[PDB]
Amino acid sequence: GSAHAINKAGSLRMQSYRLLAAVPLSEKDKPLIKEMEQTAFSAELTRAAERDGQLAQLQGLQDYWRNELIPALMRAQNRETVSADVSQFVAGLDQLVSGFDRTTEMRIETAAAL
Amino acid sequence: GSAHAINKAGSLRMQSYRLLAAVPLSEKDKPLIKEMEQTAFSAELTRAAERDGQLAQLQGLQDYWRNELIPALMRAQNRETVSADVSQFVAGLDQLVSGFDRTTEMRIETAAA
């Protein structure tokens, strides 16, 4: 399971820039927001963050995504009004995925011994 | 390791759309292109692809990136002329990542069994 979770968490970075590339958003992009919602709040990602010592970080990303990022993205009439918000979100995701990395690689390489 | 290669290969998906979101590109974006080049041809991804049986797939994506995708992104005046090409390349990367991911898992399960 650890591997799939790194894939899925990393994919939120792509999904972030994919929504930016679609700005200004139309009704046709609702499926992309629901897909990103499903990924970001999946039990799979939460379980991964718990195992890897990153729950607080994941929660922060989730909160800002629902309460600032998405509303900003849906309000944006041009990419400039939200491009800095998205670049930083992807940097925060980079820290989360990097965190999943350290812990995950370790758990795999020490699966023996334990 | 493997977990790290899934992160790095996955990042190419984000890097592809970050370049689309910058269209029309300018000199200010040249670092974005070099960074994607560094990631796509890194010794880490190459070794991971070799170990996981995805080297031909990686090589194909590398060739497409160099011969078709970057040239297309550089000449685009608007996102509409190259957005489908970008999403397509990302689906090809999705398969590379899914490969790394499943093989890594399969290794896990073999150890388990």
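Labels below follow one simple rule: chain letters A, B, ... track the order of the sequence lines, proteins then strands, and each chain is numbered from 1. What's counted below: heavy atoms across the whole structure, side chains too, no hydrogens, waters or symmetry copies.
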Apply the side chain to side chain donor-acceptor pair (under 3.5 Å) test between B:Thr39 and each candidate in B:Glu44, B:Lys34, B:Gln15; give the one that qualifies. B:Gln15

Options A:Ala112, A:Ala5, A:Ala21, ranked by heavy-atom pairs under 4.5 Å with chain B, top entry: A:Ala21

Between A:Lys30 (side chain only) and A:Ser26 (backbone N and O only), is there a donor and an acceptor less than 3.5 Å apart? yes

With a 6.0 Å cut-off (strictly less than), is the heavy-atom count around CD of A:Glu50, excluding the residue itself, greater than 12? yes

Given that the side chain runs from C-beta out, which part of B:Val90 has a heavy atom under 4.5 Å from chain A: side chain, backbone, both or neither? side chain

Where does B:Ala112 contact chain A at under 4.5 Å (heavy atoms): side chain, backbone, both or neither? neither

Tell me whether B:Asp85 contacts the main-chain N or O of B:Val82 through its side chain, where contact means a donor paired with an acceptor under 3.5 Å. no

When the 4.5 angstrom heavy-atom criterion is applied to B:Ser87 and chain A, the contacting part is neither

Checked A:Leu20, A:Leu93, A:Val97, A:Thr104 vs chain B; the most non-hydrogen pairs under 4.5 Å come from A:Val97

Non-hydrogen atoms of chain A under 4.5 Å away: do they reach the side chain of B:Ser83, the backbone, both or neither? neither

cation_pi(A:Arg66, A:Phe41) dist<6.0 Å, angle<=45: yes

Give, as side chain, backbone, both or neither, the part of A:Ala22 having an atom under 4.5 angstrom from any heavy atom of chain B. backbone

Using modelled atom types only, decide if a donor and an acceptor are shared between the side chain of B:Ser98 and the backbone of B:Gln95 within a distance under 3.5 Å. no

Residue part contacting chain A, namely of B:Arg79, when any heavy atom lies under 4.5 Å: side chain

